[PDB]
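Q: This is the structure I have questions about; it appears just below.
Protein chains: 4
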Amino acid sequence: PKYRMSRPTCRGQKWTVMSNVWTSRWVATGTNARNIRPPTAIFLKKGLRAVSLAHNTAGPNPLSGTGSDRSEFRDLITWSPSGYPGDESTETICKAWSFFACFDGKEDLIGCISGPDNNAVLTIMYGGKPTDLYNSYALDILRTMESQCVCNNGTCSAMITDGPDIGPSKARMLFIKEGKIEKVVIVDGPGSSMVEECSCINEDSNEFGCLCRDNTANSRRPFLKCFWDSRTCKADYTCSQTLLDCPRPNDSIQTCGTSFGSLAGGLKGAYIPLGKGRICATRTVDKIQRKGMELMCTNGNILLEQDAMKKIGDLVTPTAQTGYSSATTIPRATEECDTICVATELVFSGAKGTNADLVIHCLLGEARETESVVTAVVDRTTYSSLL
Amino acid sequence: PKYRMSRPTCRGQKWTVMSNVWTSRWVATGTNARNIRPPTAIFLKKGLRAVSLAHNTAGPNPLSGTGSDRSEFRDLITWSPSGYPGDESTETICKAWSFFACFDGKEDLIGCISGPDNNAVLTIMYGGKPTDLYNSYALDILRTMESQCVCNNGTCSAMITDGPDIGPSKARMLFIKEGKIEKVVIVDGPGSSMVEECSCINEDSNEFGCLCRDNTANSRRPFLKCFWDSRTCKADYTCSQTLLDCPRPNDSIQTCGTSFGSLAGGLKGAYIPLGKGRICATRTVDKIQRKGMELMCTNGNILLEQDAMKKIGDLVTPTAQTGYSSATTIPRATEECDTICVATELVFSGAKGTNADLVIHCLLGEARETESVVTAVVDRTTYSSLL
Amino acid sequence: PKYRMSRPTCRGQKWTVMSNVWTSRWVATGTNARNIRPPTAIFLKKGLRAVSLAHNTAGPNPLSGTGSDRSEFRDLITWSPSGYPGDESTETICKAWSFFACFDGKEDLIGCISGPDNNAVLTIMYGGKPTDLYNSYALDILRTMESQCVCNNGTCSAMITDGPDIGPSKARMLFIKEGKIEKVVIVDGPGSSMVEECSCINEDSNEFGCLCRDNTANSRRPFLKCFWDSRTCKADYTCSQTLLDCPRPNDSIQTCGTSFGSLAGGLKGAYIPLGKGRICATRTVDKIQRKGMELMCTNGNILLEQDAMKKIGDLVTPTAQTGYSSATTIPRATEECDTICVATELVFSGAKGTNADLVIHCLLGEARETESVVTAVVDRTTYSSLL
Amino acid sequence: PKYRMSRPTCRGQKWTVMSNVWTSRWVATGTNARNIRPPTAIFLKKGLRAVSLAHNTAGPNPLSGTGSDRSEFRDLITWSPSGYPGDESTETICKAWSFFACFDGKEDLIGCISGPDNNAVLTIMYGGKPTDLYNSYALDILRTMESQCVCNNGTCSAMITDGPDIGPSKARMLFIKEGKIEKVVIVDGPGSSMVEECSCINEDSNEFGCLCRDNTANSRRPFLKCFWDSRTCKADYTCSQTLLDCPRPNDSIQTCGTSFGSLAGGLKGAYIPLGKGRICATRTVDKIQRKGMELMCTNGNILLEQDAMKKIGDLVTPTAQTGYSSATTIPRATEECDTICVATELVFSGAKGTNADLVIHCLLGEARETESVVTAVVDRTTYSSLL
Ligand SMILES: CCC(CC)O[C@@H]1C=C(C(=O)O)C[C@H](N)[C@H]1NC(C)=O
Ligand SMILES: CCC(CC)O[C@@H]1C=C(C(=O)O)C[C@H](N)[C@H]1NC(C)=O
Ligand SMILES: CCC(CC)O[C@@H]1C=C(C(=O)O)C[C@H](N)[C@H]1NC(C)=O
Ligand SMILES: CCC(CC)O[C@@H]1C=C(C(=O)O)C[C@H](N)[C@H]1NC(C)=O
Ligand SMILES: [Ca+2]
Ligand SMILES: [Ca+2]
Ligand SMILES: [Ca+2]
Ligand SMILES: [Ca+2]
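Protein chains in written order, with the UniProt record's numbering: chain A, 80 to 466; chain B, 80 to 466; chain C, 80 to 466; chain D, 80 to 466.
Now the structure itself:
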């Protein structure tokens with residue numbers, strides 16, 4: 080076993096639907112399907128895995144409080160990308176109401192944040208063993224990405240932040256080898272005031288990048304750019320007139336560098352670098368509601384160009400309720416790039432609480448200048464009354 | 080591990096029943112037995128496995144629609160040849176309403192077709208990772224074999240087809256190494272007009288063959304013959320007076336080359352080459368209803384000779400409801416041939432929806448000019464009211 | 080991995096209770112505990128395992144017919160020696176209403192007999208793959224040991240029989256390497272007329288032996304003695320005045336060689352050779368009812384001496400319902416002998432059918448001239464009303 | 080694999096909560112959560128594992144008697160540190176109403192005591208096979224630690240004791256290589272009269288120590304000190320004014336060497352050596368009721384100095400009901416010390432019987448003169464009525 084190196088993502092032809100997690104089907108069926116939020120997909124030591132926080136409950140008679148963000152019962156669990164949480168493939172990982180995880184080629188690296196709001200704590204596990212920690216520095220909900228960390232020759236990196244969820248939230252970048260924090264970088268830059276829930280992908284041998292959430296009125300996502308060799312990072316707002324966050328106003332042309340938006344709030348969304356020159360991102364179809372999930376791409380520098388990001392397609396039924404989304408990269412055994420998949424959360428709720436389905440698209444086929452998407456249908460009308 | 084090489088099947092003495100999948104027993108017991116259709120057996124990396132599509136539901140209170148063929152909830156799953164779908168051995172593979180799978184000696188190759196009818200997509204996974212795709216070319220239900228692909232020195236081949244399920248459905252052959260499509264052959268030949276649900280088996284070091292379904296009035300099965308070295312294929316109709324499809328008229332002598340039949344429809348059926356000079360196949364005992372499954376064999380060229388195939392025996396209670404059937408081959412360390420087993424589907428239905436049991440016969444023992452069959456009994460009278 | 084060699088069993092000090100399978104507890108609890116008969120323990124590739132035929136049903140609402148011996152739904156399953164059938168550790172093996180199994184050091188060897196009474200068939204699996212078969216020669220319920228086969232340097236051996244269960248039942252011995260029957264021995268000798276359900280243990284580098292059931296009026300168990308080098312076997316009645324079968328009359332002194340007994344019927348019981356000079360056996364405490372299970376030993380030749388076998392102790396509560404019993408041998412990594420354990424079946428029945436618990440004693444501690452037993456208490460009075 | 084060598088624990092910065100076992104959550108959810116008592120954590124071959132005795136039952140309808148200590152249905156089981164007993168991770172080990180376990184770097188050693196009160200037996204398993212026994216010597220509930228044994232170069236040691244739970248209970252130390260008892264030491268010393276439920280940890284390359292329970296009025300804990308090379312042990316009472324047992328009177332200065340206490344009873348408690356010169360221990364916050372669990376540390380000889388131990392923090396909500404506590408050590412590839420975690424039991428009861436949750440803290444981060452503790456909250460108000 081060798082450490083995976085950072086490498087570009089594979090370009091391709093079409094985003095196909097590798098699998099979906101139909102949690103809601105098993106909730107309505109009546110099995111012990113667990114309440115999960117916010118699911119995504121991460122490539123781990125066992126292969127591709129669905130990963131999510133959970134609540135140490137399950138249907139058909141779940142306990143109260145499944146809509147809560149943080150609690151003593153919150154959980155980090157993984158299961159098969161075509162399974163459901165609570166089935167045979169389910170693995171419990173750690174205590175957590177915020178998490179990250181990734182696989183460096185030898186072992187799984189895991190961040191588990193829990194504890195009280197005024198002094199929460201990141202516990203780092205490597206190989207199933209607790210190996211290190213990180214302490215709250217703003218004393219106001221230390222928290223992390225809710226998606227994959229990123230790795231290269233034994234160094235994995237992971238964003239954390241801490242601070243008022245309306246005011247400033249000065250983020251930090253951790254660099255971790257065999258579960259030990261070797262370096263902590265404070266992220267400065269014109270898009271650093273409030274950065275959270277970064278979705279990070281390796282872009283090339285020496286660089287990775289993230290698209291984050293700004294929970295302030297700003298609708299332009301902060302972008303974190305990091306370099307492996309120097310272990311350094313910086314943040315800038317996206318300049319493309321295509322606003323990626325939710326809620327947001329209409330797309331419009333504004334001078335680069337500054338924040339833009341009138342609607343407080345935010346949503347975690349995927350960063351999908353394609354090859355060394357292309358940038359894609361997911362955004363909701365609805366400007367205010369978390370409905371739909373469309374893929375937008377440009378070949379230009381989205382930090383420097385107000386040029387709009389073209390729509391490649393609808394990952395999901397555009398009126399279906401969605402939620403978070405993030406990508407992960409999976410090795411391709413016979414060429415120098417990683418397959419990239421994006422997982423979008425499909426939130427639902429009812430008499431059995433808040434919960435989420437998952438859908439996983441992957442970019443496959445020979446490289447194309449402009450790709451297309453297979454739309455995943457989300458239609459619960461034949462069983463929603465049992466949810 | 081070495082790549083498995085194509086080799087003839089082992090002759091034997093008797094078809095014995097290796098195991099039952101008694102899905103109906105567990106449905107009536109009350110456990111979370113999943114609704115499955117076309118189930119069959121395939122030799123995978125874990126060993127012999129029962130393989131089927133499912134609906135992301137289970138008893139005792141299944142969701143509506145288990146009878147449907149293609150929905151967004153359809154998935155591909157595998158379990159123990161002697162277990163039941165949903166039990167501890169169950170593994171969820173991918174999103175699929177049509178599938179193929181096989182094991183090349185190093186990894187499982189898996190083909191998962193889903194998406195809309197007018198533009199479905201085959202996603203190809205190898206060793207658990209999505210590696211490639213193939214797009215719809217007739218824009219009318221791209222689909223595939225619902226049984227094993229075949230392999231040799233890292234190359235595995237799989238039939239796909241596309242087009243109206245009554246009109247022309249010109250099929251194609253994929254040749255795949257490590258999950259990457261290396262060659263696509265349009266299959267031509269006098270029996271190639273409408274070809275689907277091919278059941279394929281390695282015949283010899285350089286040959287493999289398939290017996291397919293023609294869904295028109297024609298009751299002679301299309302037979303696909305392929306050569307590994309040239310990666311080349313051809314389709315011809317069977318000629319023997321023993322008509323293999325269901326529905327069919329009486330057996331009768333007719334000139335070779337042309338289709339023949341009076342009732343539209345079809346049924347996936349097993350091709351069972353036995354050694355180098357012997358051909359067997361399965362067919363329903365009933366000419367019109369999917370009831371019973373008898374085994375017919377000949378030592379002649381079924382594509383060139385009208386001779387009746389000799390009924391070897393009844394795999395199953397001949398008035399029992401059956402369904403699809405197909406074979407798979409299992410390595411034998413002792414000699415240079417593979418063991419061959421046939422799986423026959425046993426469809427049932429009731430209060431808990433549409434579903435199926437499975438029975439698995441294997442040819443074992445000293446080679447015999449003519450073999451016998453243990454008839455697996457199918458009698459549900461003691462518990463059918465709970466179905 | 081090397082093949083295990085035949086070696087003597089380890090002498091010791093006390094029979095301790097390594098574990099029990101409390102099927103009845105989980106039946107009363109209300110989980111999906113499976114109806115099993117007749118359980119025993121066998122050392123397999125995964126370690127010590129509880130092994131039994133089952134019925135493809137489970138509580139809390141089992142289907143009818145769990146008291147049947149042979150049926151299409153009968154099953155061979157294994158699970159953890161301290162588990163229960165149907166729990167997480169359960170493995171389904173094959174179709175079977177009669178079975179054997181053992182582990183040769185590289186792979187598991189398994190015999191699965193099923194099919195109709197007038198022509199049943201043994202299917203042999205090696206390593207999870209069907210490898211060979213054996214055919215009914217008396218056309219009257221081919222059947223086998225229901226306990227471990229025995230192995231040595233790749234040859235495992237297993238008793239089978241066939242014939243009227245009241246009249247003659249001329250048994251045969253199979254010798255099997257990598258799943259292939261290499262030799263079949265017809266067992267002659269003055270105790271061969273009716274031999275079934277042999278319980279076989281390796282005794283020394285070149286010899287194994289079995290204590291069998293004679294279902295005729297005879298209460299003296301047939302003993303099969305076999306030699307590895309010549310692959311040969313012979314049968315003689317036990318001569319000890321201590322009658323080991325059930326039902327049986329009082330112990331009494333009679334001339335060696337002949338049958339003795341007045342009560343038709345029989346029961347499978349354990350053969351426990353201790354070292355190279357000692358012979359133990361289990362028998363019911365009650366002479367007619369299958370209640371209790373006591374261990375009897377002698378250092379003399381039980382085929383040649385009417386000397387009584389001394390009672391070492393009560394494996395189980397002497398008034399508790401028991402059933403079958405048989406031993407299995409487990410390697411001891413640091414000396415030339417195998418630990419021996421005896422598993423006794425504890426049958427129970429009720430509103431949820433016929434079923435069985437299991438208890439496993441093993442002989443541990445430094446060698447003693449006369450050993451002792453820890454009595455396993457069997458008392459269901461706090462939950463039996465839920466059975 | 081190499082045998083693990085005895086080595087000091089790692090100092091750190093903060094006790095963080097690695098995971099909850101929320102058995103109560105799953106009992107109230109309605110799944111088959113098993114009733115467990117004294118649960119703790121132990122590093123085994125699989126990794127960190129939650130370990131406990133159980134009753135061969137589970138919710139939602141458990142069988143009577145879950146409150147009992149020693150019955151024929153008691154068994155030893157292990158599961159995920161973040162799962163629940165009975166879930167997918169559950170493993171059944173042996174029959175036991177008292178136990179120990181550890182992993183020597185190659186295999187799990189496991190000690191299982193069961194049998195009648197006046198003659199119980201310790202069965203010793205190594206790597207899954209029964210290897211040895213130890214017999215009752217006081218004929219009054221032979222019993223053991225209910226926590227990890229300790230290992231070094233293939234030798235693992237375990238405390239056992241025997242005798243009235245109020246009168247003298249002279250303990251013994253077993254030294255075991257590959258499951259065979261190599262040495263038994265009668266532990267003498269001024270604190271050796273009544274010694275039970277010792278919680279033992281490797282202290283340095285040649286030393287390990289235990290903090291035990293004295294079930295008389297005495298509230299100073301017996302401390303066992305053992306040397307690996309001589310395989311030699313001794314028992315002395317703790318002297319610090321900080322009384323560790325429960326029930327206890329107020330802390331007060333008293334002369335070293337003698338017992339001291341006013342209330343009969345006792346409670347298993349954790350010994351937590353930290354590096355070479357530091358000692359911590361757990362005790363209830365409440366002096367009489369098993370409520371809360373605070374961590375106390377000193378850098379002095381607790382056996383020779385009256386100095387109070389400094390309260391480091393509350394592991395748990397201090398009015399929450401707790402129970403047993405004990406530590407385990409986890410290898411660290413990065414340096415020459417082991418990580419140390421403490422598991423505190425959280426007993427609950429109700430309609431579904433007696434049961435327990437588990438919380439697991441681990442010392443992580445840069446070494447600190449004095450460490451802090453994340454307080455794991457225990458609040459069941461939202462679901463307790465279902466317990
Ligand atoms: C990091 C974003 C912010 C932290 C307070 O709120 C998030 C928004 C969420 C949301 O908008 O849906 C759900 C997240 N579970 C929550 N994170 C935490 C740690 O509570
Ligand atoms: C749509 C054509 C197709 C033949 C390949 O019909 C099949 C017939 C079936 C049948 O005759 O029972 C059931 C199959 N699930 C179905 N396959 C798909 C993909 O829907
Ligand atoms: C080999 C013994 C004889 C065979 C007819 O009866 C056995 C007696 C049994 C018994 O006495 O309890 C149960 C066994 N399941 C049965 N075996 C078969 C194959 O049916
Ligand atoms: C019988 C003495 C013994 C102390 C080692 O009492 C323990 C006290 C217990 C307790 O105080 O809660 C519960 C333990 N399960 C019990 N152990 C056994 C073996 O019964
Ligand atoms: Ca915003
Ligand atoms: Ca047809
Ligand atoms: Ca008899
Ligand atoms: Ca005390």
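For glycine and all other residues, C-beta sits at the position ideal for the given N, C-alpha and C.
Name the chain C residues whose beta carbon is nearer than 9 Å to that of B:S147?
A: Per Cβ cutoff of 9 Å: no residues; B:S147 is ~27 Å from chain C at best.
Q: Touch check for the stretch 95–105 of chain A and the stretch 424–440 of chain A: three-plus C-beta pairs under 8 Å?
A: The stretch 95–105 of chain A is in contact with the stretch 424–440 of chain A.
Q: Is any non-hydrogen atom of ligand 5 found closer than 7 Å to the C-beta of A:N294, if you look at the structure I gave you?
A: True, at least one ligand heavy atom lies under 7 Å from that Cβ.
Q: Indicate, with yes or no, if ligand 8 has a heavy atom lying under 7 Å from the CB of D:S298.
A: Within the cutoff, so yes.
Q: Just to confirm my understanding: we take D:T171, look at its own chain, exclude 5 residues before and 5 after, and list those with CB closer than 7 Å. What are they?
A: Result list for D:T171: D154, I156, in chain order.
Q: Within the stretch 338–417 of chain D, note down every full beta strand (DSSP E) run reaching 3 residues or more, in order along the chain.
A: Those beta strand (DSSP E) runs which fall completely within the stretch 338–417 of chain D and span 3+ residues are 350–353, 357–362, 373–377, 389–393, 404–409.
Q: Would you call the stretch 261–269 of chain B and the stretch 288–298 of chain B touching, i.e. three or more CB-CB distances under 8 Å?
A: No contact exists between the stretch 261–269 of chain B and the stretch 288–298 of chain B.
Q: CB of B:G288 to nearest heavy atom of ligand 6: below 7 Å?
A: False, no ligand heavy atom lies under 7 Å from that Cβ.
Q: Is B:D393 a contact residue of ligand 6, with contact defined as CB to any heavy atom under 7 Å?
A: Flag unset: Cβ of B:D393 not near ligand 6.
Q: Got a sec: is the Cβ-Cβ distance from C:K81 to anything in chain D below 8 Å?
A: Cβ-Cβ to chain D under 8 Å: no for C:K81.
Q: Which of the residues in the stretch 108–131 of chain C, read from start to end, lie with their CB under 9 Å from any CB of chain D?
A: Cβ contacts with chain D: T108, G109, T110, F122, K125, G126, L127.
Q: Is there a Cβ of chain A sitting closer than 8 Å to that of B:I381, yes or no?
A: Closer than 8 Å: no.
Q: When you compare the CB of B:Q400 with every CB in chain C, is at least one pair closer than 8 Å?
A: No, because no Cβ of chain C sits closer than 8 Å to the Cβ of B:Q400.
Q: In terms of residues, what are the limits of the beta strand (DSSP E) holding D:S278?
A: Unbroken beta strand (DSSP E) run through D:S278: 275–283.
Q: For ligand 6, I want to know if B:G340 counts as a neighbour, meaning its beta carbon is within less than 7 Å of at least one of the ligand's heavy atoms.
A: Yes - ligand 6 has a heavy atom lying nearer than 7 Å to the Cβ of B:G340.
Q: Answer with buried or exposed for C:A422, where buried requires no fewer than 16 other C-beta atoms within 10 angstroms of its C-beta.
A: Per the 10 Å Cβ criterion, buried.
Q: Taking 8 Å as the CB-CB limit, is B:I172 close to chain A?
A: With 8 Å as the cut-off, B:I172 counts as an interface residue toward chain A.
Q: Assign D:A112 to buried or exposed, taking buried as 16 or more other Cβ atoms, counted over all protein chains shown, within 10 Å of its Cβ.
A: Classification for D:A112: buried.
Q: Specify the secondary structure class of A:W105 as computed by DSSP and reduced to three states.
A: Three-state DSSP puts A:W105 in a helix.
Q: With DSSP as the reference, identify every bridge partner of C:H440, one or two as the case may be.
A: Bridge partners of C:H440: C:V96, C:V421.
Q: Please name the residue, chosen from C:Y205, C:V453, C:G336, C:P87, that lies closest to C:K355 on a Cα-to-Cα basis.
A: Answer by Cα proximity: C:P87.
Q: How far does the beta strand (DSSP E) with A:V229 in it extend, from its first residue to its last?
A: 229–231 is the extent of the beta strand (DSSP E) around A:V229.
Q: Taking DSSP's pairing of strands, which residues face D:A430 in a bridge?
A: None, per the DSSP bridge assignment.
Q: Are D:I192 and D:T223 touching if we call contact CB-CB under 8 Å?
A: Yes, they are a contact pair.
Q: Identify the residues that DSSP records as bridge partners of D:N297: which are they?
A: Answer is none; D:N297 lacks a bridge partner.
Q: Could you name the residues of chain D that C:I409 contacts, counting a contact when the two beta carbons are closer than 8 Å?
A: By Cβ distance, chain D contributes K208, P209.
Q: Less than 7 Å between the CB of C:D324 and some heavy atom of ligand 3, yes or no?
A: C:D324: no, Cβ never under 7 Å from ligand 3.
Q: For the putative contact between A:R116 and A:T433, defined by C-beta atoms under 8 Å, what is the C-beta separation to the nearest angstrom?
A: So it is a contact: roughly 6 Å between Cβ atoms.
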